[PDB]
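In what follows, a structure is listed as structure tokens, so that the remarks can point back to it.
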Amino acid sequence: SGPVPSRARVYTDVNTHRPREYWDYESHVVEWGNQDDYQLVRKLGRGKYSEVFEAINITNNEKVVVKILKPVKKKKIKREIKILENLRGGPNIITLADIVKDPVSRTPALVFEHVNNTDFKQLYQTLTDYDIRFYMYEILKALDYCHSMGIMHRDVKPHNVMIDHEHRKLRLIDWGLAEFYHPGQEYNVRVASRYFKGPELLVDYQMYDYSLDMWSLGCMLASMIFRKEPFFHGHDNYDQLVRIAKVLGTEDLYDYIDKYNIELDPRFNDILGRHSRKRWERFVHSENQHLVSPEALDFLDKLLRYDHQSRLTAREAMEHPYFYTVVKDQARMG
Ligand SMILES: O=C(O)c1cccnc1
């Protein structure tokens, strides 16, 4: 009685068949640019894995973003570089422009294209029903692309979606937790950010896949349409699953655990309780009702499922009625 194995329903074997060099990032030899081409202009933020600046290319006065890598294994940096290179040019994928050796930090620095974005804490307050549909669709194009390329993002969240709203321009950023999908691999569950972690991570089911990103995306959609960011606000990873269970219910949670023969951590015992599945209408109120439609709720419901195999894929999600008018709008004659 260990856990039952799982496979991605789509894109299962896309790496199997690639040249080894595509996915074998530990063998990757970095192409270094010239650090003296860039000057830091203003700090944007700083966290566990890097400090991030707006910067300028002083050879041509172009704005860029520089992410100075904190010290980590060479393999971790190679993974992020290789993924960025493999995905470069794909729809809504941030473009890695250069890789340099930062002299002061003694570490590599990644140079990205600049997106003039609006902080999601201000932007989300202003989004219309159409805007949510449009940007959702844009994120789905990036996720279908990366999934189709054999890569899980593993950190989908609002902070990692840059939006230049006047240009209706979106880029999926921060590929530092991303990894290649290989069928049967048991992955590290210490990925994503708490509020966006899928149930698979929270119950310690390691044989997960691209579908993790679809849970995170559902969390983002809930936060948009209901004006509640983040939607599932746990205090820690255990309470995070409790928050989910108070909405999706405990019946379906325990069904999922049974199906995969998961051994549930006993710290859950005193905390998970017994909860009915709630209707999404419980979250509707006068300030969000204009964002909520039957289509939005049907789509959300098909993302936020305990069983990772039963969530929509990105490519299926793009066909949902919620997106009909966005799809029509983007069929441009050129
Ligand atoms: O990928 C990143 O971490 C990144 C990309 C562009 C801008 N800021 C951060």
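Chain lettering (A, B, ...) mirrors the order of the structure tokens, residue numbering begins at 1 for each chain separately, and ligand numbering begins at 1 in order of display.
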
Neighbours of ligand 1 at 7 Å or closer, counting only C-alpha atoms and all ligand atoms: which residues, as a compact mmCIF listing (two decimals) with C-alpha atoms, in the first residue's frame?
```txt
# COMPACT_ATOMS: atom_id res chain seq x y z
CA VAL A 52 15.51 42.25 -9.20
CA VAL A 65 15.16 43.91 -16.04
CA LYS A 67 17.63 39.42 -11.85
CA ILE A 94 9.15 36.35 -20.88
CA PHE A 112 15.00 40.12 -19.36
CA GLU A 113 12.93 42.22 -21.61
CA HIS A 114 11.18 45.03 -19.75
CA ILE A 173 7.79 35.22 -15.51
CA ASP A 174 9.94 33.60 -12.80
CA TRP A 175 10.77 30.20 -14.19
```

Range 152-158 of chain A environment, 9 Å, only C-alpha atoms, sequence neighbours closer than 6 positions dropped, as an MDAnalysis selection string = chainID A and resid 119:121 143 146 172:181 191:193 195:197 209:214 216:217 219:220

Residues near residue 294 in chain A, cut-off 12 Å, only C-alpha atoms, skip fewer than 2 positions along chain, as a ChimeraX atom specification = /A:225,280-281,284,289-292,296-301,320-322

Which residue gives the smallest distance to residue 12 in chain A among A:200, A:182, A:287, A:327, with only C-alpha atoms counted?
-> A:182

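Picture a line from CA of residue 257 in chain A to CA of residue 202 in chain A; it runs 11.5 Å.
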
For residue 30 in chain A, work out the shell of residues within 9 Å, counting only C-alpha atoms and skipping chain neighbours fewer than 4 positions away, then give it as a VMD selection string.
-> chain A and resid 78 81 to 82 99

Which of range 9-256 of chain A DSSP labels alpha helix (DSSP H), written as JSON, numbers by chain | {"A": [20, 21, 22, 23, 74, 75, 76, 77, 78, 79, 80, 81, 82, 83, 84, 85, 86, 87, 120, 121, 122, 123, 129, 130, 131, 132, 133, 134, 135, 136, 137, 138, 139, 140, 141, 142, 143, 144, 145, 146, 147, 148, 199, 200, 201, 202, 211, 212, 213, 214, 215, 216, 217, 218, 219, 220, 221, 222, 223, 224, 225, 226, 237, 238, 239, 240, 241, 242, 243, 244, 245, 246, 247, 248, 250, 251, 252, 253, 254, 255, 256]}

Give the strand (DSSP E or B) residues of range 29-264 of chain A, as DSSP finds them on the backbone, and put them as an NGL selection string.
-> :A and (38-46 or 50-57 or 62-69 or 93 or 96-101 or 108-113 or 151-152 or 161-164 or 169-172 or 179-180)

Residues as selected, N, CA and C atoms, written as a CSV table (one decimal), in the first residue's frame, can you do that?
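That gives us result_6.csv:
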```csv
chain,number,residue,atom,x,y,z
A,38,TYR,N,25.3,46.7,-18.9
A,38,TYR,CA,24.1,47.0,-18.2
A,38,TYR,C,24.4,47.8,-16.9
A,39,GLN,N,23.5,48.7,-16.6
A,39,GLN,CA,23.6,49.4,-15.4
A,39,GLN,C,22.3,49.3,-14.6
A,40,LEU,N,22.3,49.1,-13.4
A,40,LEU,CA,21.1,49.0,-12.5
A,40,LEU,C,20.5,50.4,-12.3
A,41,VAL,N,19.2,50.5,-12.4
A,41,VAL,CA,18.5,51.8,-12.3
A,41,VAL,C,17.7,51.9,-11.0
A,42,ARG,N,16.9,50.9,-10.7
A,42,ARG,CA,16.0,50.9,-9.5
A,42,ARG,C,15.7,49.5,-9.1
A,43,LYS,N,15.7,49.2,-7.8
A,43,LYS,CA,15.4,48.0,-7.2
A,43,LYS,C,13.9,47.7,-7.3
A,44,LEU,N,13.4,46.6,-7.7
A,44,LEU,CA,12.0,46.2,-7.8
A,44,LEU,C,11.6,45.3,-6.7
A,45,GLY,N,12.5,44.5,-6.1
A,45,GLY,CA,12.1,43.5,-5.1
A,45,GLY,C,13.2,42.6,-4.9
A,46,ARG,N,13.0,41.7,-3.9
A,46,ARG,CA,14.0,40.9,-3.4
A,46,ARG,C,13.4,39.9,-2.5
A,50,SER,N,16.7,35.7,-5.4
A,50,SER,CA,17.3,36.7,-6.3
A,50,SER,C,16.8,38.1,-5.8
A,51,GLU,N,17.5,39.2,-6.3
A,51,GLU,CA,17.1,40.6,-6.1
A,51,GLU,C,17.0,41.1,-7.6
A,52,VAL,N,16.0,41.9,-7.9
A,52,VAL,CA,15.5,42.2,-9.2
A,52,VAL,C,15.5,43.7,-9.4
A,53,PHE,N,16.1,44.2,-10.5
A,53,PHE,CA,16.2,45.6,-10.8
A,53,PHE,C,15.6,46.0,-12.1
A,54,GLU,N,15.0,47.2,-12.3
A,54,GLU,CA,15.0,47.8,-13.6
A,54,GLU,C,16.4,48.3,-13.9
A,55,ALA,N,16.8,48.2,-15.1
A,55,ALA,CA,18.1,48.5,-15.6
A,55,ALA,C,18.1,49.0,-16.9
A,56,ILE,N,19.3,49.4,-17.4
A,56,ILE,CA,19.4,49.9,-18.8
A,56,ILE,C,20.6,49.2,-19.5
A,57,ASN,N,20.4,49.0,-20.8
A,57,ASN,CA,21.5,48.6,-21.6
A,57,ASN,C,22.2,49.9,-22.0
A,62,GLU,N,18.3,50.9,-24.0
A,62,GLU,CA,17.1,50.1,-23.9
A,62,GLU,C,16.8,49.7,-22.4
A,63,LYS,N,15.6,49.8,-21.9
A,63,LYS,CA,15.2,49.3,-20.6
A,63,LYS,C,15.2,47.8,-20.5
A,64,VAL,N,15.7,47.2,-19.5
A,64,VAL,CA,15.7,45.8,-19.3
A,64,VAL,C,15.4,45.6,-17.8
A,65,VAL,N,15.2,44.3,-17.4
A,65,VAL,CA,15.2,43.9,-16.0
A,65,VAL,C,16.3,42.9,-15.8
A,66,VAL,N,17.0,43.2,-14.6
A,66,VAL,CA,18.1,42.3,-14.3
A,66,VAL,C,17.8,41.6,-13.0
A,67,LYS,N,17.9,40.3,-13.0
A,67,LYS,CA,17.6,39.4,-11.9
A,67,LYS,C,19.0,38.8,-11.5
A,68,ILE,N,19.5,39.3,-10.3
A,68,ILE,CA,20.8,38.8,-9.8
A,68,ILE,C,20.5,37.5,-9.0
A,69,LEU,N,21.1,36.4,-9.3
A,69,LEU,CA,20.7,35.1,-8.8
A,69,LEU,C,21.4,35.1,-7.3
A,93,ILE,N,5.6,34.1,-23.2
A,93,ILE,CA,6.7,33.7,-22.3
A,93,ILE,C,7.7,34.9,-22.2
A,96,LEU,N,14.3,36.0,-22.2
A,96,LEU,CA,15.6,36.1,-21.6
A,96,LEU,C,16.5,36.8,-22.7
A,97,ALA,N,17.0,37.9,-22.5
A,97,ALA,CA,17.8,38.7,-23.4
A,97,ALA,C,19.3,38.4,-23.2
A,98,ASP,N,19.8,38.1,-22.0
A,98,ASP,CA,21.2,38.0,-21.8
A,98,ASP,C,21.4,37.3,-20.5
A,99,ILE,N,22.7,36.9,-20.3
A,99,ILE,CA,23.1,36.2,-19.1
A,99,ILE,C,24.5,36.7,-18.8
A,100,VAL,N,24.7,37.3,-17.6
A,100,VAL,CA,26.1,37.9,-17.4
A,100,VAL,C,26.5,37.5,-16.0
A,101,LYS,N,27.8,37.7,-15.8
A,101,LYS,CA,28.4,37.5,-14.5
A,101,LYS,C,28.4,38.7,-13.7
A,108,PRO,N,25.6,34.7,-11.2
A,108,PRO,CA,25.0,35.0,-12.5
A,108,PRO,C,23.8,36.0,-12.4
A,109,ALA,N,23.6,36.8,-13.4
A,109,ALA,CA,22.5,37.7,-13.5
A,109,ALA,C,21.8,37.5,-14.8
A,110,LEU,N,20.5,37.3,-14.8
A,110,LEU,CA,19.7,37.1,-15.9
A,110,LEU,C,19.1,38.5,-16.4
A,111,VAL,N,19.1,38.7,-17.7
A,111,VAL,CA,18.6,40.0,-18.2
A,111,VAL,C,17.4,39.7,-19.0
A,112,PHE,N,16.3,40.3,-18.7
A,112,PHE,CA,15.0,40.1,-19.4
A,112,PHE,C,14.6,41.3,-20.1
A,113,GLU,N,13.7,41.1,-21.1
A,113,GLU,CA,12.9,42.2,-21.6
A,113,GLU,C,12.1,42.9,-20.5
A,151,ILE,N,7.4,21.2,-20.0
A,151,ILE,CA,7.9,22.0,-18.8
A,151,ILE,C,6.7,22.4,-18.0
A,152,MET,N,6.8,22.1,-16.7
A,152,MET,CA,5.8,22.6,-15.6
A,152,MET,C,6.4,23.9,-15.1
A,161,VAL,N,2.8,37.0,-13.1
A,161,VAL,CA,2.2,37.4,-14.4
A,161,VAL,C,2.3,38.9,-14.6
A,162,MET,N,3.2,39.3,-15.4
A,162,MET,CA,3.4,40.8,-15.7
A,162,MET,C,2.4,41.2,-16.7
A,163,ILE,N,1.7,42.3,-16.4
A,163,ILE,CA,0.7,42.9,-17.3
A,163,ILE,C,1.0,44.3,-17.6
A,164,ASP,N,1.2,44.6,-18.9
A,164,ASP,CA,1.2,46.0,-19.4
A,164,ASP,C,-0.2,46.3,-19.9
A,169,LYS,N,-0.9,43.5,-22.8
A,169,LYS,CA,0.3,42.6,-22.9
A,169,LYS,C,0.6,41.9,-21.7
A,170,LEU,N,0.8,40.6,-21.8
A,170,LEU,CA,1.0,39.7,-20.6
A,170,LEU,C,2.2,38.9,-20.8
A,171,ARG,N,3.0,38.7,-19.7
A,171,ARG,CA,4.1,37.7,-19.8
A,171,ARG,C,4.2,37.0,-18.5
A,172,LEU,N,4.4,35.6,-18.7
A,172,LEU,CA,4.6,34.7,-17.5
A,172,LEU,C,6.1,34.7,-17.2
A,179,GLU,N,10.3,22.9,-14.0
A,179,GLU,CA,11.0,21.6,-14.2
A,179,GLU,C,10.4,20.9,-15.4
A,180,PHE,N,11.2,20.0,-16.0
A,180,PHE,CA,10.8,19.1,-17.1
A,180,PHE,C,10.0,18.0,-16.6
```

One-decimal distance in Å that lies between CA of residue 311 in chain A and CA of residue 331 in chain A | 26.9 Å

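Shell of residue 276 in chain A at 9 Å, with only C-alpha atoms counted and residues fewer than 4 places along the chain excluded, is residues 245, 246, 247, 248, 249, 250 and 251 of chain A.
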
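Closest approach to residue 75 in chain A among A:9, A:129, A:309, A:26: A:26, based on only C-alpha atoms.
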
Hey, what's within 9 Å of residue 224 in chain A if we count only C-alpha atoms and toss same-chain stuff fewer than 4 positions away? As a PDB file with N, CA, C and O atoms, in the first residue's frame, please?
```pdb
ATOM      1  N   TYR A 124      -5.837  44.503 -10.192  1.00  0.00           N
ATOM      2  CA  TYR A 124      -6.955  43.574 -10.125  1.00  0.00           C
ATOM      3  C   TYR A 124      -8.243  44.279  -9.664  1.00  0.00           C
ATOM      4  O   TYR A 124      -9.324  43.831 -10.052  1.00  0.00           O
ATOM      5  N   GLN A 125      -8.128  45.331  -8.865  1.00  0.00           N
ATOM      6  CA  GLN A 125      -9.259  46.125  -8.357  1.00  0.00           C
ATOM      7  C   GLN A 125     -10.026  46.757  -9.515  1.00  0.00           C
ATOM      8  O   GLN A 125     -11.205  47.142  -9.356  1.00  0.00           O
ATOM      9  N   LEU A 127     -10.079  45.443 -12.918  1.00  0.00           N
ATOM     10  CA  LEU A 127     -10.376  44.601 -14.072  1.00  0.00           C
ATOM     11  C   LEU A 127     -11.872  44.414 -14.265  1.00  0.00           C
ATOM     12  O   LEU A 127     -12.641  44.210 -13.313  1.00  0.00           O
ATOM     13  N   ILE A 132     -10.678  40.003 -17.374  1.00  0.00           N
ATOM     14  CA  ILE A 132     -10.336  38.745 -16.738  1.00  0.00           C
ATOM     15  C   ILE A 132     -10.324  37.629 -17.754  1.00  0.00           C
ATOM     16  O   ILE A 132      -9.378  36.801 -17.796  1.00  0.00           O
ATOM     17  N   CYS A 219      -6.910  29.108  -8.797  1.00  0.00           N
ATOM     18  CA  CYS A 219      -6.837  29.995  -7.637  1.00  0.00           C
ATOM     19  C   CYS A 219      -6.807  31.445  -8.066  1.00  0.00           C
ATOM     20  O   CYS A 219      -7.458  32.319  -7.436  1.00  0.00           O
ATOM     21  N   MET A 220      -6.038  31.747  -9.108  1.00  0.00           N
ATOM     22  CA  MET A 220      -6.007  33.108  -9.650  1.00  0.00           C
ATOM     23  C   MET A 220      -7.381  33.517 -10.179  1.00  0.00           C
ATOM     24  O   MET A 220      -7.827  34.654  -9.876  1.00  0.00           O
ATOM     25  N   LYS A 228     -11.096  38.642  -4.238  1.00  0.00           N
ATOM     26  CA  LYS A 228     -10.610  38.141  -2.973  1.00  0.00           C
ATOM     27  C   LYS A 228      -9.237  37.543  -3.224  1.00  0.00           C
ATOM     28  O   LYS A 228      -9.149  36.404  -3.711  1.00  0.00           O
ATOM     29  N   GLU A 229      -8.191  38.320  -2.971  1.00  0.00           N
ATOM     30  CA  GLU A 229      -6.846  37.965  -3.378  1.00  0.00           C
ATOM     31  C   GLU A 229      -5.955  37.847  -2.166  1.00  0.00           C
ATOM     32  O   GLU A 229      -5.806  38.854  -1.466  1.00  0.00           O
ATOM     33  N   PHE A 231      -7.417  33.812  -2.867  1.00  0.00           N
ATOM     34  CA  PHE A 231      -8.692  33.222  -2.560  1.00  0.00           C
ATOM     35  C   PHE A 231      -8.639  32.316  -1.374  1.00  0.00           C
ATOM     36  O   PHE A 231      -9.465  32.447  -0.434  1.00  0.00           O
ATOM     37  N   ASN A 288     -18.655  42.076  -6.593  1.00  0.00           N
ATOM     38  CA  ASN A 288     -18.058  41.177  -7.582  1.00  0.00           C
ATOM     39  C   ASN A 288     -19.040  40.601  -8.528  1.00  0.00           C
ATOM     40  O   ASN A 288     -18.628  39.939  -9.483  1.00  0.00           O
ATOM     41  N   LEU A 291     -18.650  40.313 -12.311  1.00  0.00           N
ATOM     42  CA  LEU A 291     -17.510  39.514 -12.826  1.00  0.00           C
ATOM     43  C   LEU A 291     -17.903  38.053 -12.917  1.00  0.00           C
ATOM     44  O   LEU A 291     -17.096  37.260 -13.464  1.00  0.00           O
TER      45      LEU A 291
END
```

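If you measure from each of A:272, A:139, A:304, A:149 to residue 203 in chain A using only C-alpha atoms, the closest one turns out to be A:272.
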
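Closest approach to residue 8 in chain A among A:183, A:234, A:266, A:273: A:183, based on only C-alpha atoms.
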